[PDB]
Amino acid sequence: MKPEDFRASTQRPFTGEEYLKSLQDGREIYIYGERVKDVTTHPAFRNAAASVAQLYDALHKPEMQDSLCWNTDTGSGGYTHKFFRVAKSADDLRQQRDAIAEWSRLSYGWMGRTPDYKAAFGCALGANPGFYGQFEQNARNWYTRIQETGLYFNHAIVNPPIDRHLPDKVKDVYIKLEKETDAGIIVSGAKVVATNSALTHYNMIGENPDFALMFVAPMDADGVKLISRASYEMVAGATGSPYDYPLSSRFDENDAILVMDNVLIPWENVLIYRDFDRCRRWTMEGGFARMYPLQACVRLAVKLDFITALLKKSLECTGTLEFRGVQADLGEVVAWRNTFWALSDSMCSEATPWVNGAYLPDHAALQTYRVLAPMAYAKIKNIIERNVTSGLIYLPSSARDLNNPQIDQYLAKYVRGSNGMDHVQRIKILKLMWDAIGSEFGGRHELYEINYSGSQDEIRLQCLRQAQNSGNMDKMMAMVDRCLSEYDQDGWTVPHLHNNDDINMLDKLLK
């Protein structure tokens, strides 16, 4: 059974209930040395699964449909989330920017790999299917399927480590073509950082041409397996509570290892085959890399709306918000929050036509978001840590402490909010702040924001390459060349400026 067959109607994406039923497919997932029977009921994934299901439910609410949905461009007569359909103007991109922000607000910016992230990949297939040559019809069909059903795609792109001392064994670790058959291709290898793949329907995977592949793999195919990292949702449930870990308990996106063990990929799922030329050209010509950072920038901007107000609430509680230096530190967090919204505005207003009527967001703004976000996030976290100087480190252990009157009587007296809040509300706000930055979930989120789109050198190199490839550097260079042409070793070459022959005193001085 195909995931899309769980829908009661072919004219709309999944509802939350249909999405949850579609995950009960015998996918192979491991956590804590055991196989997961059902992701929708398992204590490590059930609330994250319920959080994603809320996004699907919002598409069917009349009050949210103007902001979230458009009709499909397929002629099916149905509707879809705006970011699942190819943008054909700067205004289309702005409407998609707002639809992404509306979905991101349902997780307060904490879910980074929701269905709209890879919906940009579906749009890349639909806008430029001709790029894939003999696999053009696969690109067209996959765009149609993703758009109409609201299929939850992810990607597994980071390669696993290689032992430099191994013999043959080295060329077996990476995703490699092992056999070509009539039904399709047989593949083996692994990809790391398969973020929230336990809750997805499909994963896109991308001098020996056997390594030059791009294909779609279903989460329930024989040989497809996930090896999970520690679950902050399960730990928060087993040893904490929603009051103590309000983000860990519902928004944890498990960063897994995606294993492919002798997996048959049907020809209908192949996009690039034994083609080093198309693989090298895909980052620049495919469209996806020129589209997804719009989603990521908006998602971060929503998370920064949350962090900014949460920091203000935390400082109202500590009473340090009265200090000039504290207000200045909060003001800088506000400036960073404003930056990411302004970048998303520029991404849309400066959008350019691409191919087949499609529009792409401003490429310089996408690269800028990638460079600034790790620095802004690390700086904002340091600002929070140095401003809530004492308030976070000694928080009572549990909601159980508030529910024990022998303990609660002291918390009511000694842990009140400076701005008049009762102890229950003060502790609640500070626990929410701690889960955002210092819990294992908070620590993982920092590592995620810093390393998301690559190393610090790599993101800066790609920002430079974009300025060069777009012609931006040539235009900046033309201005410097003009400045240089206006003078030489003999003086000005322009008539409006005064030469120094009448005022230079060096001949008279050095005579």
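One-based numbering along the sequence shown.
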Q | residue 167-residue 168 interval: deposited residues absent from the model | A | 1 to 3
Q: Please say, as none, 1 to 3, 4 to 9, or 10 or more, how many residues of the deposited sequence are without coordinates in the interval between residue 206 and residue 207.
A: 4 to 9
Q. With respect to the recorded C-alpha B factors, which stretch has the higher mean value, 60-68 or 457-465?
A. 60-68
**Q.** Stretch exceeding the other in mean C-alpha B-factor - 115-123, 333-341
**A.** 115-123
Q) If you check the C-alpha B-factor for each of 133, 240, 109, 438 in the entry, which is highest? A) 133
Q.
Can you tell me which of 311, 421, 256, 100 has the maximum CA B-factor listed in the PDB entry?
A. 421
Q: Please place residue 244 in the lowest, middle or highest third of its chain by C-alpha B factor as given in the entry.
A: lowest
Q: Comparing against every modelled residue in the chain, figure out the third that the C-alpha B-factor of residue 471 lands in (lowest, middle or highest).
A: middle
Q. Should residue 374 be placed in the lowest, middle or highest third of its chain by the C-alpha B factor in the entry?
A. lowest
(Q) How does the C-alpha B factor of residue 148 compare with the rest of the chain: lowest, middle or highest third? (A) middle
Q: Check where residue 43 lands among this chain's C-alpha B-factors and tell me if it's the lowest, middle or highest third.
A: middle
